[PDB]
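Report on the structure given below.
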Amino acid sequence: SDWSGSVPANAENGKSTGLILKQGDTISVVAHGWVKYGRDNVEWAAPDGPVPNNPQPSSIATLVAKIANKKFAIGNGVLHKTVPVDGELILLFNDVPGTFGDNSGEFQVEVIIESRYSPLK
Ligand SMILES: OC[C@H]1O[C@H](OC[C@H]2O[C@H](O[C@]3(CO)O[C@H](CO)[C@@H](O)[C@@H]3O)[C@H](O)[C@@H](O)[C@@H]2O)[C@H](O)[C@@H](O)[C@H]1O
Ligand SMILES: [Ca+2]
């Protein structure tokens, strides 16, 4: 993997991967494991999001990619997706701001930069 590490659910600013992406690059991601987005026994999330017996609002408590303050869905993973904007890849458990204090656990995530942008010409 270009980067492998943990994404803590309680990190309100996510986990910086150090991968500096450019528009037109392609990346793949897979994310494993389980986190809590609250203290109650039902408030569990996979990267794809809350367990559906306790749904939360759109995008909340899901694993997203933050690139230059833009957010993109990742969830359990993506394959060979084109990057739309330049920026460092930050992986984030997208809880509601200010509600990370009751979060626990971490995802195990792998990122591969499948290609760096180069046009056919
Ligand atoms: O949406 C993100 C948010 O989800 C959870 O909070 C929403 C949850 O709040 C209330 O649930 C309880 C009731 O006591 O209140 C706390 C809120 O932190 C929960 O632990 C507990 O279940 C509502 O009554 C529920 O309908 C609603 O789903 C999570 O707790 C927050 O930290 C935040 O991540
Ligand atoms: Ca929370």
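Every number for a ligand or one of its atoms is a count from 1 in the order of the listing. Throughout, residue positions are numbered sequentially from 1 according to the sequence presented.
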Modelled atom types, side-chain donor and acceptor of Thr62 and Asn94, under 3.5 Å: no

Apply the side chain to side chain contact (heavy atoms under 4.5 Å, CB included) test between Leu63 and each candidate in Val109, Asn76, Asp48; give the one that qualifies. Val109

Give the atom name of whichever N/O/S atom in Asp102 sits closest to the Ca ion (ligand 2). OD1

Looking at atom 15 (O) of ligand 1, would you say a protein heavy atom lies below 4.0 Å from it? no

What I'd like to find out is whether the side chain of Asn54 reaches to under 4.5 Å of the side chain of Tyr37, using heavy atoms alone. yes

So if you build clusters from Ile, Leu, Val, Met, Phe, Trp, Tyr with side-chain heavy-atom gaps below 4.5 Å, do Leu92 and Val29 land together? no

Measure from atom 27 (C) of ligand 1 to every heavy atom in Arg39, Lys36, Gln56 and give the option owning the shortest one. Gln56

Could you tell me, atom by atom, which parts of ligand 1 come under 4.0 Å of a heavy atom of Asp95? 2 (C), 33 (C), 34 (O)

Compute whether any side-chain donor of one residue and acceptor of the other, for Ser115 and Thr26, lie under 3.5 angstrom apart. yes

Distance flag for atom 6 (O) of ligand 1, protein heavy atom under 4.0 Å: yes

Can an N or O of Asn103 be found at a distance shorter than 3.5 Å from an N or O of ligand 1? no

Kindly state if atom 33 (C) of ligand 1 has a protein heavy atom within a strict 4.0 Å cut-off, that is, under 4.0 Å? yes

Salt-bridge test for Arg116 and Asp25: reply yes if a basic N is under 4.0 Å from a carboxylate O, no otherwise. yes

Hey, are the side chains of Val64 and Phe72 touching, using non-hydrogen atoms and a 4.5 Å cut-off? no

Tell me whether atom 11 (O) of ligand 1 lies less than 4.0 Å from at least one protein heavy-atom position. no

Distance filter under 4.0 Å to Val96 heavy atoms, resulting ligand 1 atoms: 2 (C)

To check your reading of the site, what angle at the Ca ion (ligand 2) do O of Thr99 and O of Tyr37 form, to 10°? 160°

Look at the N, O or S atoms of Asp95, main chain and side chain alike, and state whether any lies under 3.0 Å from the Ca ion (ligand 2). yes

Where is the nearest protein heavy atom to atom 13 (C) of ligand 1: which residue, which atom, and how far? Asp40 OD2, 4.6 Å

Can you tell me how far CD of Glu110 sits from OG of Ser4, rounded to the nearest 0.5 angstrom? 6.0 Å

Atom 18 (O) of ligand 1: the protein heavy-atom neighbour that sits closest, reported with distance to 0.1 Å: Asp102 OD2, 3.5 Å

Within a distance of under 4.0 Å, is there any protein heavy atom near atom 30 (O) of ligand 1? yes

In ligand 1, the atoms that come under 4.0 Å of a heavy atom of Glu43 are 5 (C), 6 (O), 19 (C), 20 (O), 22 (O), 29 (C), 30 (O)

Ignoring hydrogens and angles, tell me if any N or O in the side chain of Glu12 forms a donor-acceptor pair with the backbone of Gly98 under 3.5 Å. yes

Quick one: pull up CH2 in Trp3 and NZ in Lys15 and give me the separation to the nearest 0.5 Å. 6.0 Å

Just jot down the ligand 1 atoms closer than 4.0 angstrom to any heavy atom of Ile60, in number order. 1 (O), 2 (C)

Between CZ of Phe100 and CG of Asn10, what distance do you get to the nearest 0.5 Å? 9.0 Å

Under 4.0 Å from atom 23 (C) of ligand 1, can you find at least one protein heavy atom? no

